[PDB]
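A short worksheet on the structure shown next.
So basically every Cβ, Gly included, is an ideal-geometry build from the backbone, and we count neighbours across all protein chains shown. Quick note: the coordinates plus some simple rules give every number you see, no bench work behind them.
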Amino acid sequence: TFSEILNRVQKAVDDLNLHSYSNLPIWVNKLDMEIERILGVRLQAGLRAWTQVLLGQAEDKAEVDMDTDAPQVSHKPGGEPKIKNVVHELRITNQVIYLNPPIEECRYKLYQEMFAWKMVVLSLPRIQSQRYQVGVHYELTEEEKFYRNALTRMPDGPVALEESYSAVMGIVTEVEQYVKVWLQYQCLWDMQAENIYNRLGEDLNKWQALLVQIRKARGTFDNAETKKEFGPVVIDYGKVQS
Amino acid sequence: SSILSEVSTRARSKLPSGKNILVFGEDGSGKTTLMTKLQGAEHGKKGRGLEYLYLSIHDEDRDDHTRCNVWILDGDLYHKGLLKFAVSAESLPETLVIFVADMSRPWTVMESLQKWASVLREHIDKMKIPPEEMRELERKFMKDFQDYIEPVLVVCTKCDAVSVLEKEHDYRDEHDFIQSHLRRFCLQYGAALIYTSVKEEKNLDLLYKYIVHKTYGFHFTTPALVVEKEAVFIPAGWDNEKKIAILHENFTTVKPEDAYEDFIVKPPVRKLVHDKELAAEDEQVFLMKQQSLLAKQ
């Protein structure tokens, strides 16, 4: 939808270049700045809509008030970002709790869904005043080719962007802390059953007490839940729960 | 429990994932491309601000895997505050700093490097580390320094653009000048220099080995190369002013004390110099002009 609009404006500017009007780079440069400004606010809205979707604060259309008889055909400026579920199979092999996918892979998967969202705007084609001139001897880099710079053109400064990064870091950090608790049940392996038996010794009273404690600790994992969601990130701890 | 906790304190642990690499450089210097390539990925989506990624490190001998955190900052200082999100007090010793030097635009190399080095200096100033901890870190770093026998890491990107410099700007072996300056800068900050070319796939494996060495403490054996013009590699502690003096012999018009800007010039790129804003004279001003014309007649 943006690229189609940027196609129409380019053809009109090409017609202005076609008829040899004066001062066309100045007028095009002013229009190019104006377009970048609009792409700035839409990109700022897109990040905040994406941040709301990431944190679970995105408002579903069910909560859009139906008393407002005016049609809201204008879609959200930030769009409707959809972070898909990213389950992590917690696992313990030979008494060694390890997580594959790790919380670090949650960092990868989360930052990766985000990197797609920024590319909705950052990968758009940049309007060129002299596009109509073909083979023009002008250097063109990626920032010249695309609005790869719109992320500095956000209206509230860099706050919208830094909130998106903070949101991703916050969710990944929460997942990492949660996974770290399971990754710590490797305590069966780290010092062996024999070490506990050295601790109990020949005292049958301590063995009776331990058997009661192990049964109490088993009761904590007799839950049917296999997946816990913290915003859009799911930990499939059911594999460890098995 | 107490039992489980005690077992845990005996875990054969993975190599540290927490380790961090921080990458600095001007926009377009090849930071993202370089790191993506090291990751083994074909396409890195270009981010503005603080870019992210991680290296998967595999030890074939132990059949073990670990992963290094990757964080590359945007060229603009408008995104500088993201550094607090890349490095923290606890993670600072685990962090390895990578600074990118653009050889396609050599004239902005040193200036951008001081820009990046300075920004790191104010960042650590904001961090508020205890002076005892700061002295301990400096002791560890200098201990690593003198104990080198045959951290900040300077990586030169798009060195193959030297071939363009020979043609487009009539550069020669003397313009030794830039690499001597860069080595002196490394000595000033005690960094390790390496030359790279993703286009030619030069020293990529050497770079990867050196990163794994410095972060995870792995072994390293490659020697220092300072003869090849676009493949110079200098690990930490190798460089010295006496060792740097070999390049000063090759000079024949310049001197080591000569300024960088004078000898190597920033070209005046022929941008479309926009014309003066021509505006129609207002009715009042044009008619005051006509009044002046009529009155004198």
Query - Unmet requirement for A:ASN149, which otherwise passes all of (1) surrounded by 15 or more Cβ atoms within 10 Å (Cβ to Cβ); (2) under 22 Å from A:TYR98 (Cα atoms); (3) not acidic (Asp, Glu) - result: (2)
Query raised in the report: Can you tell me which of A:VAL181, A:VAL121, A:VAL175 is out of contact with any helix residue (DSSP H, G or I) (no Cβ under 6 Å at 6 or more places or on another chain) and either closer than 29 Å to B:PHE85 by Cβ or facing another protein chain (nearest Cβ under 10 Å) (or both)?
Result: A:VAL181
Requested in this report: State yes or no: is A:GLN112 more than 14 Å from chain B (Cβ to nearest Cβ) and either of a type in the set (A, V, I, L, M) or under 23 Å from A:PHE230 (Cβ atoms) (or both)?
Outcome: no
Report task. List every residue pair whose Cβ atoms lie under 6 Å apart, where the two residues are 6 or more positions apart in sequence or sit on different chains, the first residue falls within the range B:273-292 and is within 14 Å of chain A (Cβ to nearest Cβ) and in a loop (DSSP other than H, G, I, E, B), and the second residue, located anywhere, is of a type in the set (A, V, I, L, M, F, W, C) and surrounded by 10 or more Cβ atoms within 10 Å (Cβ to Cβ). Result -> B:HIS274/A:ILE26
Query raised in the report: When you go through B:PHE220, B:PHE263 one by one, which is the residue that is surrounded by 16 or more Cβ atoms within 10 Å (Cβ to Cβ), more than 14 Å from chain A (Cβ to nearest Cβ) and over 21 Å from the mean Cα position of the chain (by Cα)?
Result: B:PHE263
Query raised in the report: How many residues does the range B:17-57 contain that are basic (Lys, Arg) and at the interface with another protein chain (Cβ under 7 Å from one of its Cβ atoms)?
Result: 3
Query raised in the report: Which condition breaks for A:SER166 when tested against (1) buried (at least 17 other Cβ atoms within 10 Å of the Cβ); (2) more than 30 Å from B:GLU6 (Cβ to Cβ)?
Result: (1)
**Report entry** helices (runs of 4 or more DSSP H) within the range B:46-158 that include 3 or more residues surrounded by 16 or more Cβ atoms within 10 Å (Cβ to Cβ)
**Finding:** B:83-86, B:109-127
Query raised in the report: So, of the residues in the range A:217-236 that are within 16 Å of the chain's Cα centre (by Cα) and in a loop (DSSP other than H, G, I, E, B), which turns out to be surrounded by the most Cβ atoms within 10 Å (Cβ to Cβ)?
Result: A:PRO232
Requested in this report: Just give me the residues in the range B:1-31 being among the charged types (D, E, K, R) and under 22 Å from B:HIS58 (Cα atoms), in sequence order.
Outcome: B:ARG12, B:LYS14, B:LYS19
Report summary line: A:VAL87 meets each of (1) over 30 Å from A:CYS187 (Cβ atoms); (2) not in a helix (DSSP H, G or I) with one exception, condition (1)
Report summary line: Residue pairs within 9 Å by beta carbon, gap of at least six or interchain, first lying in the range A:18-31 and at the interface with chain B (Cβ under 10 Å from one of its Cβ atoms) and at negative phi, second part of a loop (DSSP other than H, G, I, E, B) and aliphatic (A, V, I, L, M), listed first then second, are A:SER22/B:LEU278; A:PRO25/B:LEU272
Requested in this report: Tell me, yes or no, whether the range A:6-13 has at least one residue that is of a type in the set (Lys, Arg) and either in contact with a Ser or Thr (Cβ under 7 Å, 6 or more places away or on another chain) or surrounded by fewer than 16 Cβ atoms within 10 Å (Cβ to Cβ) (or both).
Outcome: yes
Query - Whichever residue in the range A:184-202 is part of a helix (DSSP H, G or I) and within 9 Å of another protein chain (Cβ to nearest Cβ) and, among such residues, is farthest from A:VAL121 (Cα to Cα) - result: A:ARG199
Query raised in the report: From the set of residues in the range A:102-155 that are part of a loop (DSSP other than H, G, I, E, B) and of a type in the set (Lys, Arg), which is nearest to A:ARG48 (Cα to Cα)?
Result: A:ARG153
Query raised in the report: Only one residue in A:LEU16, A:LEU39, A:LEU24 is in contact with a helix residue (DSSP H, G or I) (Cβ under 6 Å, 6 or more places away or on another chain), within 30 Å of A:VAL172 (Cα to Cα) and surrounded by 10 or more Cβ atoms within 10 Å (Cβ to Cβ), so which one is that?
Result: A:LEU39
Requested in this report: For residues that are outside any loop (DSSP other than H, G, I, E, B) and acidic (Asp, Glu), scanning just the range B:238-260, find the one that is surrounded by the most Cβ atoms within 10 Å (Cβ to Cβ).
Outcome: B:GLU241
